[PDB]
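Below sits a lone chain in structure tokens, taken as the form deposited without the ligand.
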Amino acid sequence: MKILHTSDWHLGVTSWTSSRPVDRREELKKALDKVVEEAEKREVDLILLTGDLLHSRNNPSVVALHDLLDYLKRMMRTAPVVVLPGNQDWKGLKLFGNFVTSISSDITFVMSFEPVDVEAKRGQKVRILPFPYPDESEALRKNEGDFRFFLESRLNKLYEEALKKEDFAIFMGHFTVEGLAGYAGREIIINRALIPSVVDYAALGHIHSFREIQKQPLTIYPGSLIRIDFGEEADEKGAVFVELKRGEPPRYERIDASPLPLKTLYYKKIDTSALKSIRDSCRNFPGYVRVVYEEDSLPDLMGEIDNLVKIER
């Protein structure tokens, strides 16, 4: 069974609004078009979207919605799709996915801990074990003091249920795993060993950097399709194609999104030398630049350099 797993699109995002608005819509469409064109070529059987498809939790734009629906539609033409909305998907979208989910067997939204069964392109019977974002807000809501005895009982249920799979069991989560603190300088974090060990694949979303979290069960974050801000100069962007065969270990292959790069320039004083360096370093750079400096002054660089998006102290 062939799978396209992709995530964390953030449709409608514009970066650096406090300093120099760049609408990411063109770059983002470039990547999504590349991903979808790739999934058509490989003739995948199932498409897994693990959330944060939209960027605005409360006020998505019509353009953004139109886009998302366009893509959902192109994808459905190639294979059945399963969506696990995340923390930053507009609440209205969960309502629509709930409505469209009854109407079709070619798209299906999962918004609870309840497992659902689905058929893929070629009839493969797939069991979805979903784990939506553990929101601090819905732990205050539930008013159960220790939230963890509860998440743990859910991860147990999904394990008991994965054991009854017919063809494949696939876990879908939207959260952060016990990654890496302390980056300088809060979430309900889930330990990766807690993801049920018996599923054939564990598709994650929420993290923007592609990472192969563990091998048994195969657990991946595909990452964003673009670099959203400057904490993402060094990671990898794209989606992931996964193959599952009953007798065998899972195999996978990245589709790199080929995102525009980001770069930071560091200076003590903005000298005449610095000005030259900044001008020279931005001139032929195909992406976006931030400069940070230590000692004060300062000319209008952003009026002169189209790709200089941030200047700090």
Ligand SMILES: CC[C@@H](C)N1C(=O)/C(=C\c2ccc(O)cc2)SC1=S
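Throughout, we count residues from 1 along the sequence that is shown.
Although not depicted, the form deposited with the ligand bound is the subject of the following passage.
For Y71, no non-hydrogen atom is located within 4.5 Å of the ligand in the deposited bound form, even though that partner is not displayed.
When the ligand is considered in the deposited bound form, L65 lines it closely, a heavy atom lying within 4.5 Å.
Remark: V116 does not count among the residues lining the ligand in the deposited bound form, judged by a heavy atom distance of 4.5 Å or less.
Of the heavy atoms in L225, none are within 4.5 Å of the ligand in the deposited bound form.
By the 4.5 Å heavy atom rule, the three marked residues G173, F175 and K215 all fail to count as contacting the ligand in the deposited bound form. With the ligand left out of view, the stretch that reaches within 4.5 Å of it through heavy atoms in the deposited bound form is, among 226-234, 160-168, 188-196, 92-100, 92-100.
Screening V83, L129, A203, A239 for any heavy atom within 4.5 Å of the ligand in the deposited bound form leaves a single hit, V83. Contact with the ligand in the deposited bound form, defined as a heavy atom within 4.5 Å, holds for exactly one of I270, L244, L54, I278, namely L54.
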